[PDB]
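Note that the numbering runs from 1 along the sequence shown for the chain. Hydrogens, waters and symmetry mates play no part in the numbers below; they use all other heavy atoms, side chains included.
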Amino acid sequence: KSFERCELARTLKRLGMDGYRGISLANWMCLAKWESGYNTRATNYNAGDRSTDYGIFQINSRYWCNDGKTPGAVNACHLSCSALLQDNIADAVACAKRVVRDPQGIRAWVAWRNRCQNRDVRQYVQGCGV
């Protein structure tokens, strides 16, 4: 499914993402926007390291979820990558929370560094009632 902007914003807020490890909801919105355009089925195969990015946050199979086909990979979120392709994003959120509990925090995603870091991200949550 493709979320509407404010629909996703409230969905993320209800899931406890607002200020999680110091990350504002607007930053999470900007991340989802640039990673998948708010789409839960988005996938990207990386031919170089044989990994795949899954779902709304485009989480990578090399370290975060298990898809059984990524060489020498681990599963830090302890989830089948299938859980990251559900319309209900609860599992994807729990995994994103896991990702930011690591040292880099929200910087784990290069897209956030490119499109959100040091940028005005207010626009992602304006008028959503969050």
Side-chain angles (χ1 to χ4, degrees):
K1 68 166 287 174
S2 279
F3 278 87
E4 289 279 70
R5 181 175 67 90
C6 293
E7 182 196 359
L8 176 63
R10 286 188 295 279
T11 296
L12 296 178
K13 188 166 185 185
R14 287 191 310 258
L15 287 171
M17 292 287 253
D18 198 359
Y20 185 84
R21 294 287 149 116
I23 303 159
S24 68
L25 199 71
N27 275 288
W28 286 123
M29 286 297 291
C30 184
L31 173 69
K33 181 58 162 201
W34 289 99
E35 286 298 348
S36 67
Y38 312 141
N39 189 88
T40 62
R41 294 187 60 253
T43 53
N44 175 66
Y45 179 58
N46 300 290
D49 79 324
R50 304 178 138 113
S51 62
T52 300
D53 302 312
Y54 296 84
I56 198 164
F57 297 122
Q58 288 292 274
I59 290 162
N60 190 263
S61 67
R62 175 150 300 288
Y63 318 98
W64 311 104
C65 63
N66 181 48
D67 65 2
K69 59 179 183 186
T70 307
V74 287
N75 182 6
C77 291
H78 296 92
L79 288 173
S80 162
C81 297
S82 176
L84 306 183
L85 298 176
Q86 295 176 82
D87 273 17
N88 179 286
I89 64 173
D91 290 321
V93 160
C95 186
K97 283 175 180 183
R98 170 61 187 85
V99 177
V100 303
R101 288 202 295 274
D102 263 17
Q104 292 188 293
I106 188 76
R107 286 161 164 72
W109 291 270
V110 188
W112 179 86
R113 295 181 223 168
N114 294 341
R115 315 277 179 173
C116 315
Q117 181 177 181
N118 300 130
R119 300 204 190 200
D120 192 331
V121 292
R122 280 179 305 161
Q123 60 180 316
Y124 296 98
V125 296
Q126 298 303 263
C128 304
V130 298

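Using a distance-only test at 3.5 Å, with no hydrogens or angles considered, a donor-acceptor pair links the side chain of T40 to the main chain of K1. Judged by distance alone, with hydrogens and angles left aside, the side-chain atoms of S61 form a donor-acceptor pair with the main-chain N or O of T52 at under 3.5 Å. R5 places no side-chain N or O within donor-acceptor distance of the main-chain N or O of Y38, the cut-off being under 3.5 Å. Under a 3.5 Å cut-off, the side chain of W28 and the backbone N or O of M17 do form a donor-acceptor pair. Side-chain atoms of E35 do not come within 3.5 Å of backbone N or O of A32 as any donor-acceptor pair.
For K69, the salt bridge (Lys or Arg N to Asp or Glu O under 4.0 Å) criterion is met by no residue, not counting sequence neighbours. With sequence neighbours excluded, the residues that form a salt bridge (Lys or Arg N to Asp or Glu O under 4.0 Å) with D49 are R62. Residues satisfying the salt bridge (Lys or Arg N to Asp or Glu O under 4.0 Å) test with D18, not counting sequence neighbours, are none. With sequence neighbours left out, the side chain to side chain donor-acceptor pair (under 3.5 Å) criterion links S36 to no other residue. Among residues two or more places apart in sequence or in another chain, the side chain to side chain contact (heavy atoms under 4.5 Å, CB included) test is passed with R50 by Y45, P71.
Using a 30° and 60° split on the angle between ring planes, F57 and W109 fall in the tilted class, from 30° to 60°.
Shown here is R115, whose CZ atom has no more than 12 heavy atoms of other residues, nucleotides or ligands within 6.0 Å. A 6.0 Å sphere centred on CZ of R101 holds more than 12 heavy atoms belonging to other residues, nucleotides or ligands.
At a cut-off of 3.5 Å, with distance as the only test, no side-chain donor of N44 or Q58 sits close to an acceptor on the other residue. Using modelled atom types, one finds a donor on one side chain and an acceptor on the other under 3.5 Å when comparing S2 with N39.
For the side-chain contact (heavy atoms from CB on, under 4.5 Å) with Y54, the qualifying choice from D67, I59, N60 is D67, the only one to do so.
Atom CZ of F3 is separated from atom NZ of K33 by 13.0 Å, given to the nearest 0.5 angstrom. For the atom pair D91 CG and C81 SG, the distance stands at 12.0 Å (nearest 0.5 Å). Separating the CG atom in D53 from the CG atom in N46 is a distance of 4.5 Å, to the nearest 0.5 Å. Atoms CD1 and CG, from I56 and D87 in turn, are 10.0 Å apart once rounded to the nearest 0.5 Å.
In this structure, the side chains of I89 and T11 come closer than 4.5 Å at one or more pairs of heavy atoms.
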Tabulate below the donor-acceptor pairs under 3.5 Å that side-chain atoms of residues 123-130 make, not counting sequence neighbours, or state none.
| residue | atom | partner | partner atom | Å |
| --- | --- | --- | --- | --- |
| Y124 | OH | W34 | NE1 | 3.0 |
| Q126 | NE2 | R122 | O | 3.3 |

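The minimum heavy-atom distance linking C116 with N27 is given by the pair CB-OD1, 4.4 Å. Listed here is the closest heavy atom pair of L25 and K13: CD1-N, 3.6 Å. For the residue pair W112 and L31, the shortest heavy atom distance occurs at CB-CD1, 4.1 Å. The shortest heavy-atom contact between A42 and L85 is O-CD2, 4.0 Å.
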Carefully, step by step, assess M29 and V121 under the rule side-chain contact (heavy atoms from CB on, under 4.5 Å). CA-CA 9 Å; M29 286 297 291; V121 292; over 6 Å; no

Yes or no on side-chain contact (heavy atoms from CB on, under 4.5 Å) for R21 and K97, after CA distance, side-chain angles and deciding distance? CA-CA 8 Å; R21 294 287 149 116; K97 283 175 180 183; over 6 Å; no

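In this model, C65 has its SG atom no nearer than 2.5 Å to the SG atom of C77.
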